[PDB]
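Asks: Before I ask anything, here's the sequence and the deposited coordinates:
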Amino acid sequence: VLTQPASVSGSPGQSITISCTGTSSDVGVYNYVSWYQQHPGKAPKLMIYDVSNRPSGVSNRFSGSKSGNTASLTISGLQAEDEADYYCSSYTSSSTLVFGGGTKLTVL
Amino acid sequence: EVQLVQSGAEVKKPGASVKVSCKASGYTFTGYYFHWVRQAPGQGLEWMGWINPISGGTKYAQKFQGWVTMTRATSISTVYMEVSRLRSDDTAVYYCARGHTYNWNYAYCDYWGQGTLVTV
Amino acid sequence: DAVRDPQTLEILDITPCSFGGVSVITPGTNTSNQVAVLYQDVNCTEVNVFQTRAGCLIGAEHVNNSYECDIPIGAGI
Amino acid sequence: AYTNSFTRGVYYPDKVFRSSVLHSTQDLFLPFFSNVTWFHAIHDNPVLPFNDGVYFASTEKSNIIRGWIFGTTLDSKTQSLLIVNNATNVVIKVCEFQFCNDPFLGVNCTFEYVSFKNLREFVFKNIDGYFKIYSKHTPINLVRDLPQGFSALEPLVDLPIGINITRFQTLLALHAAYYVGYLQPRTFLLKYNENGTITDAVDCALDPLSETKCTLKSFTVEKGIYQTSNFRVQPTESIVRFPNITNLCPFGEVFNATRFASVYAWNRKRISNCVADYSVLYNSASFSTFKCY
Amino acid sequence: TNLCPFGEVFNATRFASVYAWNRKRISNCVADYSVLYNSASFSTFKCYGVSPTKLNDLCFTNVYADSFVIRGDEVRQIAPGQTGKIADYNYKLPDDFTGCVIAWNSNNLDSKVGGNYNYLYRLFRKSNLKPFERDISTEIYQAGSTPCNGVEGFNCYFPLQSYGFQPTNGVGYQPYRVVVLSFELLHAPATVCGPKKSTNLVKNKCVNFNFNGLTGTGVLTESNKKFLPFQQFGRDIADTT
Amino acid sequence: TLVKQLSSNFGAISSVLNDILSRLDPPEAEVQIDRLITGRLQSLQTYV
Ligand SMILES: *[C@@H]1O[C@H](CO)[C@@H](O)[C@H](O)[C@H]1NC(C)=O
Ligand SMILES: *[C@@H]1O[C@H](CO)[C@@H](O)[C@H](O)[C@H]1NC(C)=O
Ligand SMILES: *[C@@H]1O[C@H](CO)[C@@H](O)[C@H](O)[C@H]1NC(C)=O
Ligand SMILES: *[C@@H]1O[C@H](CO)[C@@H](O)[C@H](O)[C@H]1NC(C)=O
Ligand SMILES: *[C@@H]1O[C@H](CO)[C@@H](O)[C@H](O)[C@H]1NC(C)=O
Ligand SMILES: *[C@@H]1O[C@H](CO)[C@@H](O)[C@H](O)[C@H]1NC(C)=O
Ligand SMILES: *[C@@H]1O[C@H](CO)[C@@H](O)[C@H](O)[C@H]1NC(C)=O
């Protein structure tokens, strides 16, 4: 339902961004975006809830944003252990949870 | 701390059914929804539905309506998810995940189980 | 006694609603079951009707002939 | 069809012996000379409201009226009190009965009990979940209507059923006219004779002479002028005025604050000029303690 | 001769939750409350209108028995004119309450490891609960605009929630059983009388009498006052017997 | 008039003195009684 780039790459120490595009029934206000990080061979963990809020133990270099019907995840000071699949997720139609297609982040 | 322990990996034939279990601990079992999310190999996350341990209220994903059943046993703190009439496209890692208890909400699945691989 | 309207600054007087005692004028029930009713200290408005200084008297017929007093009502009636 | 209740629907208000006395009591009685709806059982068993209590009367020659049903829906969804006098058997049940679309008699229970020429008067009333039944059977010689006269009804049964009763229906024996009135919290002056039998009564709200009789506590009034009551004009309608404003109170930042100061350095926030909704907190039910004076 | 089955009530093996609070109408017994009173196994025993000792030797016409399981912290709420969760949405004694209320610790019986998910309590409602108003309805109340359609949702989930009852909790956070007595008086004769033994009656002498709890001093003589069958007492102008 | 007054509660739980005493302990019965004493005392003074 939500659209993400299939791949994003960057070098250690750089900033990368991951886009998430939805509609007025999901990402458009009233709406709140979440982000999941899925390390290779592991379950997803919550990374961002409520557009930009971090659970405890999530570093400040992960930041979320939302503008209209789009959202973004910014990762500053990129590390090797950031190599993971990233999923945006959002509430839809005041009925259902939807996901993005996933972005594989690779570290060069 | 929240723990979700799922049943082991399964293989099925097309046309068969599979029932996956998710054992919960480390919180008030009934006080929170359980989500099921699946992931086909090398593919994205697909929301399957939610179950309320109180009474047993469910809502499924529209695409699985008529062949997914979610149940719970409150005595053992276990949620079950059954899929019937399986096809090769149902080959996935099946995750249970613990969420909030207010139905209409964003970011439902907070604490995820280890995942059950089912191959069809 | 009076209040200023909180929305529109005018002064309103508050006069408590009309009330008054009720008397029933009756010959003994050993004679008749019929009665006349006096509404004390009111006008024949709020309430065979005769307005007197005593109040509004209903049920009694007003007669021109004077007589010796029987059941007294008030102010010479 | 309607009729004149005359002086009917008077029952013993309690179980105390009294004699040679005029006793003033307030209870649910049938108002004197009120209208009662007249139903026919010749050549008629609708559902009537119960209101606060019901007077029921019938005239009999062949014992056609054989029961009563009391409840809200009378359809197996709720508990419904059922009284059946089949032949010589007063049977009372309070089950969630499935009643017929048209209940009649041919010629989750909490309780069960088993025991024109005839005027059979009844009073059915509910106080704090107690279903009180009064009745009086008396010989009559009248077909047309309720006979005129006075006769008090004794209580027979008091059932602690705890049923919410808003409607009722009758049960007719099919191979006897009946009336429905309603009770009101009327004050009556009841006259008990030397044998403790109620022989007469005054409805205190029937007319000014009755009001006189009740004021003087007598059935007989000497000639004169009497002060009996006080008239008041009643209000019509309400007027609400408050200042037209819209600003809200920042209770959010107070209660949901992220930082609190210690007790000795206790903080203060003067607040004014709001619209306040305290019920959001009151019913929040997230507070271990909430008291004030 | 018959006695009150208090055994099966108090010593019961199973209790219902507060919202689905049970009732047992009891009548026609000989009652000994002192067996409980002096049992000294009860953490709390209070009531209003009657001292225990004085009620033991007294007759009553009708009594009810109600029981449930609440939290320690909230025990105080079972009293006339209280506020809180239970007072508002689960149970509310009438102000002029004349019954008797009892509670003891049952951490050894009702609590279980991992948290007992049995007992429930109602949370929200549009209004206050009337006296003895039971609400078993699990209907999803709708405080919003969108239709509810039964499903649990973004508006007002079940007004029913289960305690935790972990045994590892504090004092106030452990279940305390409760049994609410009710004592009411009507015109019907007192059926549930105390363990008192009658004496013979002596006529035409000044005596200290007690008939079904009704006391006084006077001379008892035969009379020709013809009581109706439903009448038990006659009265003087002074409202004395 | 004097006689009838005895039957008033004057805010006590009962006009009947024995019914208070037979149901309440002294610390509570005293309160109820004081209400009746006040009422009755007042009644006599009026009559006199
Ligand atoms: C009053 O009426 C009675 C009839 O009940 C009669 O005997 C008596 O003489 C009457 N008295 C007067 C003075 O009218
Ligand atoms: C009754 O009202 C009229 C006006 O309709 C007035 O002329 C008259 O003086 C009033 N009488 C009394 C005594 O209030
Ligand atoms: C009395 O007579 C006069 C005529 O002289 C008339 O106007 C008036 O209405 C009469 N009043 C009564 C009380 O009958
Ligand atoms: C009773 O019914 C009659 C019509 O038969 C009607 O004139 C009268 O106003 C009614 N009275 C009351 C008090 O309902
Ligand atoms: C009346 O009904 C009861 C069932 O409630 C039945 O036992 C009885 O036999 C019936 N009739 C007679 C006359 O016995
Ligand atoms: C009381 O009853 C008897 C009949 O047993 C009768 O003789 C007497 O007249 C009655 N008294 C009254 C007040 O009617
Ligand atoms: C009440 O209403 C009008 C707006 O229509 C406004 O001019 C006036 O100031 C208001 N009064 C108060 C006290 O706010």
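Replies: Cool, got the structure. Numbering: from 1, shown residues only, chains lettered A, B, ... in the order given. Ligands and ions are numbered 1, 2, ... in the order given.

Asks: What's the biggest strand in chain C, counting residues?
Replies: Secondary structure of chain C read by DSSP state E shows that its longest strand is strand C:19-26.

Asks: So for it, what gets flagged as buried?
Replies: Neighbour-count burial for strand C:19-26 flags C:20, C:22-26 (criterion: 16 or more other Cβ atoms under 10 Å in any protein chain shown). In this view, the C-beta of every residue, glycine as well, is placed from N, C-alpha and C.

Asks: so who does residue C:27 touch?
Replies: Listed by Cβ atoms under 8 Å, 6 or more residues apart in numbering or on different chains, the contact partners of residue C:27 are C:34, C:71, D:223.

Asks: now the most centrally placed residue in chain F, what's its secondary structure?
Replies: In chain F, the residue lying closest to the centroid (Cα atoms, centre = their mean) is residue F:36, at 2.1 Å. What DSSP: H, G, I helix; E, B strand; the rest coil gives for residue F:36 is helix.

Asks: Over to residue E:88?
Replies: helix.

Asks: Who are the contact partners of the residue nearest to residue C:4 when sequence neighbours are not counted?
Replies: Using Cβ to Cβ, 6 or more residues apart in numbering or on different chains and skipping residues adjacent in sequence, the residue nearest residue C:4 is residue C:11, 5.7 Å away. Listed by Cβ under 8 Å, 6+ apart, the contact set of residue C:11 reads C:2-5.

Asks: tell me which of those is nearest to chain A?
Replies: residue C:5 (40.9 Å; Cβ to the nearest Cβ).

Asks: Pretty sure that closest one sits against residue D:240.
Replies: No. Using Cβ atoms under 8 Å, residue C:5 is not in contact with residue D:240; the gap is 11.9 Å.

Asks: So for those two, which residue has more residues nearby?
Replies: For residue C:5 versus residue D:240, neighbours defined as other Cβ atoms under 10 Å in any protein chain shown are more numerous around residue C:5 (11 against 4).

Asks: Show me the longest strand that occurs in chain A.
Replies: Chain A, longest strand under DSSP E: strand A:84-92.

Asks: The nearest residue to residue D:40 once chain neighbours are set aside and residue D:61: what is the separation?
Replies: Closest residue to residue D:40 apart from its sequence neighbours, by Cβ to Cβ, 6+ apart: residue D:177 at 5.4 Å. Per Cβ to Cβ, to the nearest Å, residue D:177 is found 11 Å from residue D:61.

Asks: ok, these two, which is more surrounded?
Replies: In this view residue D:177 and residue D:61 are compared by other Cβ under 10 Å, and residue D:177 has more residues nearby, 22 against 11.

Asks: List the beta-bridge partners for the residue nearest the centre of chain B.
Replies: In chain B, the C-alpha nearest the mean C-alpha coordinate belongs to residue B:36, at 3.0 Å (Cα atoms, centre = their mean). Beta-bridge pairing of residue B:36, defined through DSSP bridges, involves residue B:49, residue B:96.

Asks: swap in residue A:104?
Replies: Here residue A:104, judged by DSSP bridges, has bridge partners residue A:7, residue A:85.

Asks: which strands and helices sit next to the helix or strand that comes right after the longest strand of chain C?
Replies: Where DSSP states H and E defines the elements, the next helix or strand beyond strand C:19-26 is strand C:36-40. Contacts defined by 3 or more Cβ pairs under 8 Å, 6 or more residues apart in numbering or on different chains; DSSP states H and E place strand C:36-40 against strand C:19-26, strand C:55-58.

Asks: quick one: what helix or strand has the residue of chain F found nearest chain C in it?
Replies: Per Cβ to the nearest Cβ, residue F:1 is where chain F lies closest to chain C, at 22.5 Å. Assessed by DSSP H and E, residue F:1 sits outside every helix and strand.

Asks: Burial check on the closest residue to it other than its chain neighbours, number of neighbours?
Replies: Distances taken as Cβ to Cβ, 6+ apart put residue F:47 closest to residue F:1, at 7.6 Å, once the chain neighbours are dropped. Residue F:47 has 9 neighbours, counted by other Cβ under 10 Å.

Asks: what's residue F:47 sitting at in phi/psi?
Replies: For residue F:47, the backbone dihedrals (degrees, to the nearest 10) come out as phi -60, psi -50.

Asks: so it touches residue F:2, yeah?
Replies: Yes. At 5.0 Å, residue F:47 counts as touching residue F:2 under the criterion of Cβ under 8 Å.

Asks: Now tell me what touches stretch E:120-133 from outside.
Replies: By Cβ under 8 Å, 6+ apart, stretch E:120-133 touches D:162, D:283, D:285, E:17-20, E:70, E:85-86, E:88-94, E:135, E:141, E:156, E:158-163.

Asks: Just the buried residues from those residues, in ChimeraX please.
Replies: Here the buried members of these are turned into a ChimeraX selection, burial being counted by 16+ other Cβ under 10 Å:
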select /D:162 /E:17,18,19,70,85,86,88,89,90,91,92,93,135,141,156,158,159,160,161,162,163
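
Asks: for residue E:169, what are its contacts?
Replies: Residue E:169 touches nothing, counting by Cβ under 8 Å, 6+ apart.

Asks: Same check on residue E:98?
Replies: E:48-50, E:182-184.

Asks: what's the spacing between whatever residue of chain B ends up closest to chain F and chain C?
Replies: Nearest residue of chain B to chain F: residue B:28, at 44.1 Å (Cβ to the nearest Cβ). Separation of residue B:28 from chain C (Cβ to the nearest Cβ, to the nearest Å): 50 Å.

Asks: residues in contact with that residue?
Replies: E:115, E:164.

Asks: and if you look at residue A:52?
Replies: Contacts of residue A:52 (Cβ under 8 Å, 6+ apart): A:63-66.

Asks: Could you pick out which of those residues are located in helices?
Replies: If you go by DSSP state H, the contacts of residue A:52 have nothing in helices.

Asks: Adding neighbour count, write these out as JSON lines.
Replies: Below are the contacts of residue A:52 laid out as JSON lines (neighbours: other Cβ atoms under 10 Å in any protein chain shown):
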{"residue": "A:63", "neighbour count": "16"}
{"residue": "A:64", "neighbour count": "22"}
{"residue": "A:65", "neighbour count": "15"}
{"residue": "A:66", "neighbour count": "21"}
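
Asks: Export these as a markdown table, with columns for distance to ligand 7.
Replies: A markdown table is the format used below for those (distance: Cβ to the nearest ligand atom, whole Å):
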| residue | distance to ligand 7 |
| --- | --- |
| A:63 | 45 |
| A:64 | 43 |
| A:65 | 41 |
| A:66 | 38 |
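
Asks: Chain neighbours aside, what residue packs nearest to residue B:103?
Replies: Nearest to residue B:103 is residue E:153, by Cβ to Cβ, 6+ apart, at 3.8 Å.

Asks: was I right about residue D:275 contacting residue D:243?
Replies: No. Residue D:275 is beyond contact range of residue D:243, at 10.1 Å (criterion: Cβ under 8 Å).

Asks: Output the set of residues of chain E in proximity to ligand 6.
Replies: On the criterion Cβ under 6 Å from any ligand atom, ligand 6 has no neighbours in chain E.

Asks: show me where chain E has helices.
Replies: Using DSSP H, helices in chain E cover E:6-10, E:34-37, E:52-56, E:85-89.

Asks: For residue F:31, find the nearest of the ones you listed.
Replies: Closest of the helices of chain E to residue F:31 is helix E:52-56, at 15.7 Å (criterion: Cβ to Cβ).
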